[PDB]
Amino acid sequence: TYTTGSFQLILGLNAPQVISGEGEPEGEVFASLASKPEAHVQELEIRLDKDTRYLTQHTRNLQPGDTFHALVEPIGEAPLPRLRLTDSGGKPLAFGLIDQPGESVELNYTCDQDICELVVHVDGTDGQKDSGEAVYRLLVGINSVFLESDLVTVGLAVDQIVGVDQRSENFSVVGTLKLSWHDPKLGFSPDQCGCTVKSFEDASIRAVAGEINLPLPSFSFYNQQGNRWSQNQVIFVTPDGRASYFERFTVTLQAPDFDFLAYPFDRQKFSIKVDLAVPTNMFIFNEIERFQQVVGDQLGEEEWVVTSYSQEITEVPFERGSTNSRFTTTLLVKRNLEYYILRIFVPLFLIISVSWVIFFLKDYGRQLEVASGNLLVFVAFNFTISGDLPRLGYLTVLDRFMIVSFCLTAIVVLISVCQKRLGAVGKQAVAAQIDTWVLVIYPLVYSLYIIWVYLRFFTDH
Amino acid sequence: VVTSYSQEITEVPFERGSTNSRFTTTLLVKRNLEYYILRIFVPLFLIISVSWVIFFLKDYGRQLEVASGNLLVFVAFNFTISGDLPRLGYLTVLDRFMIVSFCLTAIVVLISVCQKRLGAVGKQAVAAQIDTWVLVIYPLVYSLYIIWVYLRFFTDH
Ligand SMILES: [Ca+2]
Ligand SMILES: [Cl-]
Ligand SMILES: [Cl-]
Ligand code: NA
Ligand code: NA
């Protein structure tokens with residue numbers, strides 16, 4: 001291909017030093033710049049929401065002697081906005097003149113210095129935003145009229161969800177980060193190295209920008225807690241201006257999108273947000289690279305499992321009207337449920353049934369002997385399981401079922417006492433009516449409780 | 001403990017066709033098993049049989065007092081050992097045996113209640129047939145469970 005960049009030209013007439021690399025200017029002048037001009041014109045439909053109501057676009061680079069025209073127009077019946085042109089420093093070079101009919105605010109300028117580096121402004125500063133949807137066609141021209149954000153393709157993949165802190169509403173994950181992006185200003189000329197590839201290893205895009213003193217697409221994991229353990233870190237740059245970043249990492253992230261209210265029947269969102277650290281006007285995320293399986297299927301492992309992974313490009317505001325790209329890889333998860341209903345629920349059931357079948361007995365002495373004894377087994381079992389249950393400072397559904405379960409088992413002891421007295425007073429057919437009396441209201445209440453909670457916690461009621 | 005160590009040279013792909021050497025030293029390991037079957041399995045057994053020999057009794061009153069009491073000892077023991085057992089968020093085979101073990105011990109309490117009422121209704125030779133009735137299906141079920149798991153978890157079935 002053709003190649004690009006800047007050069008130093010030494011021209012010599014009867015001067016053998018010039019072919020030796022040796023340019024010191026001397027003598028009488030013989031040469032210079034050799035010859036409407038070339039024109040460049042651009043469309044863009046700009047949009048002005050409540051969010052974004054001033055907008056500026058840096059122009060790219062006019063020669064002394066170049067003329068610049070720009071025109072705005074309303075898409076619907078939206079108001080005629082304020083137009084102006086300005087240098088990079090903000091000193092004004094023109095203003096918009098609203099036209100003969102009053103439909104287009106046009107502006108004009110031709111160029112003074114050997115660099116004119118112009119900036120176009122359009123504002124909807126004039127009125128209160130009524131529904132925040134007035135949008136404009138903007139025409140622009142000199143005689144790629146606007147200098148555009150270079151386009152980065154980002155990719156992410158997770159290998160291990162290695163920690164979840166349920167109390168502090170955060171988690172930890174191991175994964176792989178790739179950004180690939182074509183910027184000519186990066187360009188390596190080959191004869192220096194003697195290679196196609198230049199490598200920077202073990203440092204942060206930020207640090208390499210600082211070393212090179214140029215702009216690069218730096219980023220941060222948005223909710224990062226403390227430090228990240230990054231290995232196989234690297235950034236590759238070819239001659240072309242094609243560049244790539246590769247980083248396996250192990251990061252700890254705050255996710256207060258946790259809700260543990262329906263534990264263990266809760267489901268959760270692990271979101272891995274990757275924001276840039278430079279605005280939309282310099283770099284933006286343009287593609288998603290499916291460089292590997294996004295979520296890595298080791299299934300035996302099992303503690304939290306994965307429903308679906310959706311990873312997506314979105315632009316978010318930051319300070320100084322920093323609007324910048326954000327690459328959200330967000331895993332959907334649920335707990336391993338066999339662990340809960342087998343280890344917790346099944347046994348619990350049995351403890352509750354023991355209290356219900358001792359109502360059959362009619363030897364209230366013994367009914368109460370077992371009733372009381374089984375309450376201890378309940379409490380006993382309730383702290384067997386207290387380990388896999390986490391302390392948060394608020395009630396999960398399980399904690400809710402468990403209180404009710406205990407309360408019903410304690411009242412069987414209370415009822416059993418009641419009936420034993422009745423037995424020894426010789427109203428034993430009262431106490432036998434009671435026996436069969438409970439036998440049916442009582443497991444009816446467990447079942448109704450459950451229905452209550454399912455509706456209370458699961459059904460948008 | 002270590003079963004064998006095999007260490008080996010192999011080349012794997014990386015960034016921009018980086019194909020590079022990898023030196024894998026890979027140890028094979030197993031747990032110290034005496035610790036498990038002595039500390040966990042042997043005692044558990046004993047708790048299991050206590051429930052089976054109280055089926056012999058035919059004083060269902062007392063059968064049930066021991067039956068119930070021994071369930072607590074089971075739960076008690078099950079959390080003695082809860083320390084050396086690690087919380088993962090999913091069932092290991094031990095966790096599997098332990099649930100089944102507890103469930104069978106809870107139904108002895110349930111059966112013991114059943115038989116006691118039968119006794120006081122004066123169908124005591126029903127309840128005595130039951131006694132000998134379990135005595136044999138019940139430790140048959142532990143043994144079949146075990147066979148089930150060995151096949152479920154160990155034998156590529
Ligand atoms: Ca929250
Ligand atoms: Cl409790
Ligand atoms: Cl248990
Ligand atoms: Na984990
Ligand atoms: Na907290």
# chains A, B, ... in the order shown; residues from 1 in each chain; ligands from 1
>>> residues_around(residues="residue 73 in chain B", least_positions_apart="6", cutoff="12 Å", atoms="only C-alpha atoms", output="count of residues only")
20
>>> residues_around(residues="residue 125 in chain A", least_positions_apart="3", cutoff="8 Å", atoms="only C-alpha atoms", output="list in words")
residues 53, 54 and 82 of chain A
>>> interface_residues(of="chain B", to="chain A", cutoff="8 Å", atoms="only C-alpha atoms", output="PyMOL selection string")
chain B and resi 15+61+65+68-69+71-72+75-76+78-79+82+87-91+95+99+102-103+106-107+109-110+113-114+116-117
>>> write_last_selection(atoms="N, CA and C atoms", output="mmCIF file, in the first residue's frame")
data_model
loop_
_atom_site.group_PDB
_atom_site.id
_atom_site.type_symbol
_atom_site.label_atom_id
_atom_site.label_comp_id
_atom_site.auth_asym_id
_atom_site.auth_seq_id
_atom_site.Cartn_x
_atom_site.Cartn_y
_atom_site.Cartn_z
ATOM 1 N N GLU B 15 -1.535 -14.252 21.745
ATOM 2 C CA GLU B 15 -1.767 -13.052 21.004
ATOM 3 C C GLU B 15 -0.987 -12.855 19.731
ATOM 4 N N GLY B 61 -43.740 -47.137 73.531
ATOM 5 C CA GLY B 61 -43.393 -46.003 74.374
ATOM 6 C C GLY B 61 -41.898 -45.716 74.312
ATOM 7 N N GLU B 65 -39.195 -42.790 72.601
ATOM 8 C CA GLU B 65 -38.309 -41.936 73.408
ATOM 9 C C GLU B 65 -36.822 -41.991 72.987
ATOM 10 N N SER B 68 -36.572 -40.681 69.057
ATOM 11 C CA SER B 68 -36.572 -39.224 69.024
ATOM 12 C C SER B 68 -35.265 -38.684 69.576
ATOM 13 N N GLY B 69 -34.837 -39.248 70.692
ATOM 14 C CA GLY B 69 -33.629 -38.802 71.350
ATOM 15 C C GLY B 69 -32.388 -38.982 70.495
ATOM 16 N N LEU B 71 -32.333 -39.008 67.242
ATOM 17 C CA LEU B 71 -32.328 -38.058 66.138
ATOM 18 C C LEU B 71 -31.588 -36.806 66.528
ATOM 19 N N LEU B 72 -31.778 -36.339 67.741
ATOM 20 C CA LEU B 72 -31.049 -35.209 68.235
ATOM 21 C C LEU B 72 -29.598 -35.548 68.238
ATOM 22 N N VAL B 75 -28.347 -35.074 64.684
ATOM 23 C CA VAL B 75 -28.174 -33.654 64.371
ATOM 24 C C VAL B 75 -27.007 -33.079 65.144
ATOM 25 N N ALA B 76 -26.913 -33.405 66.416
ATOM 26 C CA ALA B 76 -25.773 -33.006 67.211
ATOM 27 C C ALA B 76 -24.453 -33.376 66.586
ATOM 28 N N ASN B 78 -23.820 -34.255 63.482
ATOM 29 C CA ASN B 78 -23.825 -33.691 62.135
ATOM 30 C C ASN B 78 -23.294 -32.282 62.164
ATOM 31 N N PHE B 79 -23.465 -31.551 63.267
ATOM 32 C CA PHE B 79 -22.828 -30.255 63.359
ATOM 33 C C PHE B 79 -21.509 -30.300 64.146
ATOM 34 N N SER B 82 -19.354 -30.350 61.219
ATOM 35 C CA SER B 82 -19.740 -29.339 60.252
ATOM 36 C C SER B 82 -18.521 -28.470 59.988
ATOM 37 N N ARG B 87 -18.254 -25.445 53.291
ATOM 38 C CA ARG B 87 -19.390 -24.862 52.570
ATOM 39 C C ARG B 87 -18.874 -24.611 51.168
ATOM 40 N N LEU B 88 -19.515 -25.222 50.185
ATOM 41 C CA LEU B 88 -19.428 -24.826 48.842
ATOM 42 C C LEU B 88 -20.903 -24.564 48.744
ATOM 43 N N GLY B 89 -21.384 -24.296 47.549
ATOM 44 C CA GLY B 89 -22.800 -23.981 47.357
ATOM 45 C C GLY B 89 -23.536 -25.060 46.605
ATOM 46 N N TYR B 90 -23.098 -26.308 46.800
ATOM 47 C CA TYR B 90 -23.588 -27.455 45.999
ATOM 48 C C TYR B 90 -23.249 -28.829 46.624
ATOM 49 N N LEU B 91 -24.018 -29.848 46.274
ATOM 50 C CA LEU B 91 -23.956 -31.081 47.061
ATOM 51 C C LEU B 91 -22.791 -31.979 46.705
ATOM 52 N N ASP B 95 -22.586 -34.898 51.741
ATOM 53 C CA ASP B 95 -23.839 -34.153 51.940
ATOM 54 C C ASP B 95 -25.031 -34.994 51.424
ATOM 55 N N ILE B 99 -28.021 -36.410 54.222
ATOM 56 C CA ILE B 99 -29.464 -36.114 54.125
ATOM 57 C C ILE B 99 -30.347 -37.373 54.185
ATOM 58 N N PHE B 102 -30.181 -38.835 57.639
ATOM 59 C CA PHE B 102 -31.106 -38.105 58.509
ATOM 60 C C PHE B 102 -32.540 -38.431 58.184
ATOM 61 N N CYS B 103 -32.897 -38.469 56.916
ATOM 62 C CA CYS B 103 -34.296 -38.760 56.602
ATOM 63 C C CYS B 103 -34.767 -40.125 57.104
ATOM 64 N N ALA B 106 -35.325 -39.882 60.805
ATOM 65 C CA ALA B 106 -36.566 -39.166 61.143
ATOM 66 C C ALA B 106 -37.859 -39.986 60.958
ATOM 67 N N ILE B 107 -37.889 -40.820 59.929
ATOM 68 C CA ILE B 107 -38.997 -41.751 59.717
ATOM 69 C C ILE B 107 -39.074 -42.922 60.734
ATOM 70 N N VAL B 109 -38.510 -42.234 63.734
ATOM 71 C CA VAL B 109 -39.334 -41.547 64.720
ATOM 72 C C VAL B 109 -40.754 -41.551 64.220
ATOM 73 N N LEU B 110 -40.967 -41.270 62.944
ATOM 74 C CA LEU B 110 -42.351 -41.275 62.469
ATOM 75 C C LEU B 110 -43.033 -42.654 62.611
ATOM 76 N N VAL B 113 -43.857 -43.450 66.316
ATOM 77 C CA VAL B 113 -45.138 -42.867 66.685
ATOM 78 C C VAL B 113 -46.282 -43.716 66.181
ATOM 79 N N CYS B 114 -46.193 -44.102 64.926
ATOM 80 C CA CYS B 114 -47.243 -44.902 64.302
ATOM 81 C C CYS B 114 -47.539 -46.168 65.117
ATOM 82 N N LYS B 116 -46.733 -46.835 68.219
ATOM 83 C CA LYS B 116 -47.237 -46.627 69.555
ATOM 84 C C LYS B 116 -48.761 -46.501 69.610
ATOM 85 N N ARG B 117 -49.360 -45.787 68.669
ATOM 86 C CA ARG B 117 -50.824 -45.704 68.641
ATOM 87 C C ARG B 117 -51.466 -47.038 68.399
#
>>> atom_distance(atom1="CA of residue 52 in chain B", atom2="CA of residue 150 in chain B")
23.4 Å
>>> residues_around(residues="residue 41 in chain B", least_positions_apart="2", cutoff="12 Å", atoms="only C-alpha atoms", output="number ranges by chain")
B: 33-39, 43-48, 77-78, 81, 94, 97-98, 101
>>> write_last_selection(atoms="N, CA, C and O atoms", output="short mmCIF file (atom, residue, chain, number, x, y, z; two decimals), in the first residue's frame")
data_model
loop_
_atom_site.label_atom_id
_atom_site.label_comp_id
_atom_site.auth_asym_id
_atom_site.auth_seq_id
_atom_site.Cartn_x
_atom_site.Cartn_y
_atom_site.Cartn_z
N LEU B 33 -7.77 -40.65 53.58
CA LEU B 33 -9.12 -41.21 53.77
C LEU B 33 -9.45 -41.75 55.16
O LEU B 33 -10.60 -41.78 55.57
N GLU B 34 -8.43 -42.16 55.91
CA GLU B 34 -8.61 -42.65 57.28
C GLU B 34 -9.35 -41.59 58.09
O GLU B 34 -10.19 -41.91 58.91
N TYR B 35 -9.01 -40.33 57.86
CA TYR B 35 -9.62 -39.21 58.55
C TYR B 35 -11.11 -39.19 58.33
O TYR B 35 -11.84 -38.87 59.23
N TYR B 36 -11.57 -39.53 57.14
CA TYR B 36 -13.00 -39.44 56.86
C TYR B 36 -13.87 -40.60 57.39
O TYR B 36 -14.90 -40.39 58.06
N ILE B 37 -13.47 -41.81 57.05
CA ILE B 37 -14.21 -42.99 57.46
C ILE B 37 -14.13 -43.34 58.94
O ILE B 37 -15.03 -44.00 59.48
N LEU B 38 -13.03 -42.95 59.59
CA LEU B 38 -12.92 -43.10 61.01
C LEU B 38 -13.64 -42.00 61.66
O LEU B 38 -14.60 -42.25 62.29
N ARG B 39 -13.22 -40.76 61.46
CA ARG B 39 -13.89 -39.63 62.15
C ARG B 39 -15.36 -39.42 61.79
O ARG B 39 -16.15 -39.07 62.65
N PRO B 43 -18.54 -43.45 63.33
CA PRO B 43 -19.55 -43.00 64.29
C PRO B 43 -20.94 -42.95 63.71
O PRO B 43 -21.85 -43.46 64.34
N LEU B 44 -21.10 -42.34 62.53
CA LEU B 44 -22.39 -42.24 61.89
C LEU B 44 -23.12 -43.56 61.87
O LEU B 44 -24.32 -43.60 62.16
N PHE B 45 -22.39 -44.61 61.54
CA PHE B 45 -22.89 -45.98 61.52
C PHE B 45 -23.57 -46.29 62.83
O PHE B 45 -24.73 -46.71 62.84
N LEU B 46 -22.86 -46.03 63.92
CA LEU B 46 -23.37 -46.37 65.21
C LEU B 46 -24.66 -45.65 65.51
O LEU B 46 -25.58 -46.23 66.06
N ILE B 47 -24.79 -44.43 65.04
CA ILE B 47 -25.98 -43.68 65.30
C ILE B 47 -27.04 -44.39 64.44
O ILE B 47 -28.16 -44.66 64.90
N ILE B 48 -26.66 -44.81 63.25
CA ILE B 48 -27.67 -45.50 62.43
C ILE B 48 -28.32 -46.79 63.00
O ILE B 48 -29.54 -46.90 63.04
N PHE B 77 -24.32 -34.63 66.22
CA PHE B 77 -23.08 -35.10 65.61
C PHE B 77 -22.77 -34.50 64.24
O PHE B 77 -21.63 -34.32 63.89
N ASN B 78 -23.82 -34.26 63.48
CA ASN B 78 -23.82 -33.69 62.14
C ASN B 78 -23.29 -32.28 62.16
O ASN B 78 -22.78 -31.84 61.16
N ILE B 81 -19.13 -32.13 63.20
CA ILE B 81 -18.38 -32.41 62.00
C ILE B 81 -18.53 -31.35 60.93
O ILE B 81 -17.97 -31.50 59.86
N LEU B 94 -21.07 -36.79 50.29
CA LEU B 94 -21.17 -36.88 51.73
C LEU B 94 -22.44 -36.16 52.14
O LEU B 94 -23.25 -36.74 52.82
N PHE B 97 -25.20 -38.49 51.24
CA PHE B 97 -25.44 -39.56 52.23
C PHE B 97 -26.04 -39.07 53.53
O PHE B 97 -26.86 -39.72 54.11
N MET B 98 -25.58 -37.93 53.99
CA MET B 98 -26.03 -37.37 55.24
C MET B 98 -27.47 -36.97 55.29
O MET B 98 -28.08 -37.13 56.29
N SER B 101 -29.37 -40.26 55.33
CA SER B 101 -29.19 -40.83 56.64
C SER B 101 -30.14 -40.16 57.63
O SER B 101 -30.90 -40.84 58.30
#
>>> residues_near_ligand(ligand="ligand 2", cutoff="7 Å", atoms="only C-alpha atoms and all ligand atoms", output="list in words")
residues 379, 382, 402, 403 and 406 of chain A
>>> residues_near_ligand(ligand="ligand 4", cutoff="6 Å", atoms="only C-alpha atoms and all ligand atoms", output="list in words")
residues 162, 163 and 164 of chain A
>>> write_last_selection(atoms="N, CA, C and O atoms", output="PDB file, in the first residue's frame")
ATOM      1  N   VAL A 162     -15.100 -16.034  40.956  1.00  0.00           N
ATOM      2  CA  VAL A 162     -14.367 -16.557  42.125  1.00  0.00           C
ATOM      3  C   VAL A 162     -14.683 -16.016  43.513  1.00  0.00           C
ATOM      4  O   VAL A 162     -13.995 -16.404  44.465  1.00  0.00           O
ATOM      5  N   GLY A 163     -15.671 -15.148  43.673  1.00  0.00           N
ATOM      6  CA  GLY A 163     -16.012 -14.666  45.022  1.00  0.00           C
ATOM      7  C   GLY A 163     -17.247 -13.809  44.996  1.00  0.00           C
ATOM      8  O   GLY A 163     -17.430 -13.058  44.050  1.00  0.00           O
ATOM      9  N   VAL A 164     -18.112 -13.959  45.996  1.00  0.00           N
ATOM     10  CA  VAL A 164     -19.278 -13.095  46.140  1.00  0.00           C
ATOM     11  C   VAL A 164     -19.487 -12.752  47.598  1.00  0.00           C
ATOM     12  O   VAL A 164     -19.699 -13.607  48.427  1.00  0.00           O
TER      13      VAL A 164
END
>>> residues_near_ligand(ligand="ligand 1", cutoff="8 Å", atoms="only C-alpha atoms and all ligand atoms", output="MDAnalysis selection string")
chainID A and resid 169 256:259
>>> residues_near_ligand(ligand="ligand 5", cutoff="12 Å", atoms="only C-alpha atoms and all ligand atoms", output="short mmCIF file (atom, residue, chain, number, x, y, z; two decimals) with N, CA, C and O atoms, in the first residue's frame")
data_model
loop_
_atom_site.label_atom_id
_atom_site.label_comp_id
_atom_site.auth_asym_id
_atom_site.auth_seq_id
_atom_site.Cartn_x
_atom_site.Cartn_y
_atom_site.Cartn_z
N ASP A 165 -19.42 -11.48 47.90
CA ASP A 165 -19.65 -10.96 49.23
C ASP A 165 -21.06 -10.41 49.32
O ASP A 165 -21.34 -9.26 48.91
N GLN A 166 -21.90 -11.22 49.98
CA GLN A 166 -23.35 -11.06 50.05
C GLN A 166 -23.73 -9.93 51.04
O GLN A 166 -24.72 -9.18 50.87
N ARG A 167 -22.90 -9.81 52.08
CA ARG A 167 -23.06 -8.79 53.12
C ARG A 167 -22.76 -7.39 52.54
O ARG A 167 -23.57 -6.46 52.73
N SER A 168 -21.59 -7.28 51.88
CA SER A 168 -21.06 -5.99 51.37
C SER A 168 -21.52 -5.65 49.96
O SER A 168 -21.07 -4.66 49.42
N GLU A 169 -22.38 -6.48 49.38
CA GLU A 169 -22.98 -6.29 48.05
C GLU A 169 -21.98 -6.07 46.84
O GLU A 169 -22.19 -5.22 45.97
N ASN A 170 -20.91 -6.89 46.79
CA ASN A 170 -19.83 -6.85 45.80
C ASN A 170 -19.51 -8.28 45.31
O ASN A 170 -19.91 -9.26 45.95
N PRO A 256 -24.16 -3.11 44.03
CA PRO A 256 -25.29 -2.97 44.96
C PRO A 256 -26.66 -3.22 44.32
O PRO A 256 -27.70 -2.95 44.93
N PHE A 258 -27.29 -6.16 43.96
CA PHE A 258 -27.72 -7.23 44.78
C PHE A 258 -28.97 -6.85 45.56
O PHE A 258 -29.11 -5.70 46.06
N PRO A 390 -26.11 -17.02 55.43
CA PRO A 390 -25.34 -15.81 55.78
C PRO A 390 -26.14 -14.79 56.61
O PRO A 390 -27.34 -14.56 56.34
N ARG A 391 -25.45 -14.17 57.58
CA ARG A 391 -25.95 -13.03 58.34
C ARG A 391 -25.91 -11.87 57.36
O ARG A 391 -24.88 -11.63 56.73
N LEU A 392 -27.06 -11.27 57.13
CA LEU A 392 -27.14 -9.98 56.57
C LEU A 392 -27.85 -9.41 57.76
O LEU A 392 -27.96 -10.09 58.79
N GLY A 393 -28.32 -8.19 57.66
CA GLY A 393 -29.00 -7.54 58.78
C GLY A 393 -30.48 -7.35 58.54
O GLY A 393 -31.07 -6.41 59.05
N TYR A 394 -31.06 -8.28 57.77
CA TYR A 394 -32.45 -8.16 57.27
C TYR A 394 -33.02 -9.49 56.74
O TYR A 394 -32.29 -10.40 56.33
#
>>> atom_distance(atom1="CA of residue 22 in chain A", atom2="CA of residue 189 in chain A")
21.4 Å
>>> residues_around(residues="residue 161 in chain A", least_positions_apart="4", cutoff="9 Å", atoms="only C-alpha atoms", output="list in words")
residues 171, 172, 173, 174, 175 and 304 of chain A
>>> write_last_selection(atoms="N, CA, C and O atoms", output="CSV table (one decimal), in the first residue's frame")
chain,number,residue,atom,x,y,z
A,171,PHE,N,-18.7,-8.4,44.3
A,171,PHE,CA,-18.2,-9.7,43.9
A,171,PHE,C,-16.8,-9.7,43.3
A,171,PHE,O,-16.3,-8.7,43.0
A,172,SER,N,-16.3,-10.9,43.0
A,172,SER,CA,-15.0,-11.0,42.3
A,172,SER,C,-15.0,-11.9,41.2
A,172,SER,O,-15.5,-12.9,41.2
A,173,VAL,N,-14.3,-11.5,40.1
A,173,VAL,CA,-14.3,-12.3,38.8
A,173,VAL,C,-12.9,-12.4,38.2
A,173,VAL,O,-12.1,-11.5,38.3
A,174,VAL,N,-12.6,-13.4,37.4
A,174,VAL,CA,-11.4,-13.6,36.6
A,174,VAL,C,-11.8,-13.6,35.2
A,174,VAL,O,-12.8,-14.2,34.8
A,175,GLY,N,-11.1,-12.8,34.3
A,175,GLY,CA,-11.5,-12.7,32.9
A,175,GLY,C,-10.4,-12.3,31.9
A,175,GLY,O,-9.2,-12.2,32.3
A,304,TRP,N,-22.8,-20.9,41.9
A,304,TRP,CA,-23.7,-19.9,41.3
A,304,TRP,C,-23.7,-20.3,39.8
A,304,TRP,O,-22.7,-20.5,39.2
>>> select_by_dssp(residues="range 80-305 of chain A", states="helix (DSSP H, G or I)", output="number ranges by chain")
A: 184-186, 190-193, 205-212
>>> atom_distance(atom1="CA of residue 270 in chain A", atom2="CA of residue 96 in chain B")
29.6 Å
>>> decode(residues="range 126-149 of chain B", atoms="N, CA and C atoms", output="PDB file, in the first residue's frame")
ATOM      1  N   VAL B 126     -49.830 -56.163  64.975  1.00  0.00           N
ATOM      2  CA  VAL B 126     -49.523 -55.419  63.744  1.00  0.00           C
ATOM      3  C   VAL B 126     -48.181 -54.723  63.877  1.00  0.00           C
ATOM      4  N   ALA B 127     -48.083 -53.960  64.947  1.00  0.00           N
ATOM      5  CA  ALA B 127     -46.920 -53.201  65.281  1.00  0.00           C
ATOM      6  C   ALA B 127     -45.729 -54.084  65.543  1.00  0.00           C
ATOM      7  N   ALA B 128     -45.923 -55.325  65.955  1.00  0.00           N
ATOM      8  CA  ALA B 128     -44.800 -56.222  66.152  1.00  0.00           C
ATOM      9  C   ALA B 128     -44.346 -56.810  64.830  1.00  0.00           C
ATOM     10  N   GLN B 129     -45.273 -56.967  63.873  1.00  0.00           N
ATOM     11  CA  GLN B 129     -44.912 -57.428  62.528  1.00  0.00           C
ATOM     12  C   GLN B 129     -44.137 -56.348  61.818  1.00  0.00           C
ATOM     13  N   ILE B 130     -44.563 -55.111  62.014  1.00  0.00           N
ATOM     14  CA  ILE B 130     -43.850 -53.961  61.498  1.00  0.00           C
ATOM     15  C   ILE B 130     -42.407 -53.927  61.983  1.00  0.00           C
ATOM     16  N   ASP B 131     -42.216 -54.085  63.283  1.00  0.00           N
ATOM     17  CA  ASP B 131     -40.890 -54.122  63.877  1.00  0.00           C
ATOM     18  C   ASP B 131     -39.971 -55.032  63.075  1.00  0.00           C
ATOM     19  N   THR B 132     -40.408 -56.260  62.871  1.00  0.00           N
ATOM     20  CA  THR B 132     -39.568 -57.231  62.223  1.00  0.00           C
ATOM     21  C   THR B 132     -39.733 -56.815  60.769  1.00  0.00           C
ATOM     22  N   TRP B 133     -40.828 -56.159  60.404  1.00  0.00           N
ATOM     23  CA  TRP B 133     -40.943 -55.764  58.989  1.00  0.00           C
ATOM     24  C   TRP B 133     -39.847 -54.850  58.318  1.00  0.00           C
ATOM     25  N   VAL B 134     -39.576 -53.645  58.854  1.00  0.00           N
ATOM     26  CA  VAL B 134     -38.328 -52.811  58.850  1.00  0.00           C
ATOM     27  C   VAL B 134     -36.929 -53.371  59.105  1.00  0.00           C
ATOM     28  N   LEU B 135     -36.845 -54.107  60.191  1.00  0.00           N
ATOM     29  CA  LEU B 135     -35.612 -54.665  60.599  1.00  0.00           C
ATOM     30  C   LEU B 135     -34.894 -55.146  59.400  1.00  0.00           C
ATOM     31  N   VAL B 136     -35.566 -55.609  58.358  1.00  0.00           N
ATOM     32  CA  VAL B 136     -34.874 -56.079  57.169  1.00  0.00           C
ATOM     33  C   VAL B 136     -34.911 -55.231  55.879  1.00  0.00           C
ATOM     34  N   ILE B 137     -36.038 -54.578  55.604  1.00  0.00           N
ATOM     35  CA  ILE B 137     -36.076 -53.637  54.475  1.00  0.00           C
ATOM     36  C   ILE B 137     -35.185 -52.432  54.772  1.00  0.00           C
ATOM     37  N   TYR B 138     -35.082 -52.061  56.037  1.00  0.00           N
ATOM     38  CA  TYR B 138     -34.445 -50.809  56.355  1.00  0.00           C
ATOM     39  C   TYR B 138     -32.912 -50.872  56.236  1.00  0.00           C
ATOM     40  N   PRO B 139     -32.232 -51.864  56.805  1.00  0.00           N
ATOM     41  CA  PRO B 139     -30.791 -51.781  56.435  1.00  0.00           C
ATOM     42  C   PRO B 139     -30.475 -52.261  54.984  1.00  0.00           C
ATOM     43  N   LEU B 140     -31.385 -52.986  54.360  1.00  0.00           N
ATOM     44  CA  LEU B 140     -31.333 -53.197  52.916  1.00  0.00           C
ATOM     45  C   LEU B 140     -31.329 -51.857  52.141  1.00  0.00           C
ATOM     46  N   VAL B 141     -32.136 -50.894  52.541  1.00  0.00           N
ATOM     47  CA  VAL B 141     -32.146 -49.609  51.864  1.00  0.00           C
ATOM     48  C   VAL B 141     -30.850 -48.818  52.018  1.00  0.00           C
ATOM     49  N   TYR B 142     -30.209 -48.828  53.185  1.00  0.00           N
ATOM     50  CA  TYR B 142     -28.889 -48.176  53.284  1.00  0.00           C
ATOM     51  C   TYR B 142     -27.967 -48.826  52.298  1.00  0.00           C
ATOM     52  N   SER B 143     -27.828 -50.132  52.377  1.00  0.00           N
ATOM     53  CA  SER B 143     -26.976 -50.798  51.414  1.00  0.00           C
ATOM     54  C   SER B 143     -27.329 -50.514  49.922  1.00  0.00           C
ATOM     55  N   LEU B 144     -28.594 -50.571  49.540  1.00  0.00           N
ATOM     56  CA  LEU B 144     -28.929 -50.237  48.157  1.00  0.00           C
ATOM     57  C   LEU B 144     -28.622 -48.795  47.838  1.00  0.00           C
ATOM     58  N   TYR B 145     -28.864 -47.866  48.760  1.00  0.00           N
ATOM     59  CA  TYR B 145     -28.474 -46.461  48.521  1.00  0.00           C
ATOM     60  C   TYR B 145     -27.024 -46.322  48.153  1.00  0.00           C
ATOM     61  N   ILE B 146     -26.182 -46.938  48.938  1.00  0.00           N
ATOM     62  CA  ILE B 146     -24.770 -46.919  48.705  1.00  0.00           C
ATOM     63  C   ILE B 146     -24.437 -47.439  47.330  1.00  0.00           C
ATOM     64  N   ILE B 147     -25.000 -48.564  46.965  1.00  0.00           N
ATOM     65  CA  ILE B 147     -24.771 -49.110  45.633  1.00  0.00           C
ATOM     66  C   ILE B 147     -25.212 -48.092  44.572  1.00  0.00           C
ATOM     67  N   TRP B 148     -26.379 -47.500  44.782  1.00  0.00           N
ATOM     68  CA  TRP B 148     -26.877 -46.441  43.887  1.00  0.00           C
ATOM     69  C   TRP B 148     -25.879 -45.368  43.676  1.00  0.00           C
ATOM     70  N   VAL B 149     -25.232 -44.890  44.758  1.00  0.00           N
ATOM     71  CA  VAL B 149     -24.290 -43.745  44.619  1.00  0.00           C
ATOM     72  C   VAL B 149     -22.989 -44.128  43.981  1.00  0.00           C
TER      73      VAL B 149
END
